[PDB]
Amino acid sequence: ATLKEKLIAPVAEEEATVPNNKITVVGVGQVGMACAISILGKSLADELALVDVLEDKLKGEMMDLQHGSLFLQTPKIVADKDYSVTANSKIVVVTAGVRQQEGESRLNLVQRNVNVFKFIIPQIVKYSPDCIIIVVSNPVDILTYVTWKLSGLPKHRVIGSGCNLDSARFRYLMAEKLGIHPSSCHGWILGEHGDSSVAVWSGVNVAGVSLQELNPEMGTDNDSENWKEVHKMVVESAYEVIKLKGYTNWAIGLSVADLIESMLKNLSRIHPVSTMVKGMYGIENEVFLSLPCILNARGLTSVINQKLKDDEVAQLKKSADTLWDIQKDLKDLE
């Protein structure tokens, strides 16, 4: 007999087991592995599946993770260029494609990553018809729209990682000013994950105290405390970090892990993420951008209606315009 047979006496019939909280990460570059190690660190998946077109690095990442297995709570890790290995995922994180060169706008990536997504979105849905797709690749709003169209999935099951990260950055910068933890700072960056984002100044608050009531000039050009510069640091953050170390990955990895935690624990927590906002704030096309949404096990099930101020609605409309201007030229999507 094998050692296994000497040691192990079966009590159950052997059986094909169906993973419950299977997560797939697509693309195992900087962002993909940031997301993967964050997912594994929070024990969010009982099965992790990696997909990339670079087979050698894909197998290497899978082996490195598997070696850390003693320290994790994920009994199965699997990797393949073939999407069969992503079968029955609850959530598929898509991180594949080109990124920004230094100084380069995410919008300049569209045409390349669109061609990438046309190949990978169908495959996801072939093997995980019931999954939630979290889109990360840039430009994230456009490609969330593109994934929704390409997948034929319900709007609530195709989420763009959107401004979660921008908002996190916002709240850290405010936190650094006030000397309090970021989670005790409340503020929402909305719209495009990019240059046209919108700082909802009217919502920024500590312990229910409106900071715009303490500082009516907050977010104007004439503001002795210059909070416009905080929104600007938020807008420029990606470019500065890309200039310094060539990419960003740890922050987005943590943010994606936060979204996943809200969905798999069925928490119904509110996250600023990218969704179709046709018919709100006067936007008239099928634009995707970040609004506050309720995330739980079903995916994105609600948007929060806000009492945006005039200049804030105007910024949001301009961001919607910038995005639709690129969306309207996107063909061959079904």
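The numbering used is simple: start at 1 and walk along the sequence shown. Rigid core here is just the name for the largest C-alpha set that superposes within 1.5 Å across the two forms.
- Taking 216-224 and 106-114 in turn, the stretch whose Cα atoms are more displaced from the shown form in 4 other deposited structures of this protein following rigid core superposition is 106-114.
- Remark: when the other structures in 4 other deposited structures of this protein are fitted onto this one via the rigid core, 232-240 deviates more than the alternative among 232-240 and 165-173, judged by RMS CA distance.
- The question of which stretch, 30-38 or 274-282, has the higher mean Cα B factor is settled in favour of 274-282.
- The question of which stretch, 156-164 or 214-222, has the higher mean Cα B factor is settled in favour of 214-222.
- As recorded in the entry, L150 carries the highest CA temperature factor of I260, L150, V98, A207.
- Ranked by C-alpha B-factor against the other modelled residues of its chain, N88 falls in the highest third.
- Placement of the Cα temperature factor of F117 within the chain: middle third of the modelled residues, per the deposited record.
- Ranked by Cα temperature factor within the chain, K177 sits in the highest third according to the deposited record.
- Ranked by C-alpha B-factor against the other modelled residues of its chain, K57 falls in the middle third.
- When the modelled residues of the chain are ordered by C-alpha B-factor, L267 sits in the lowest third.
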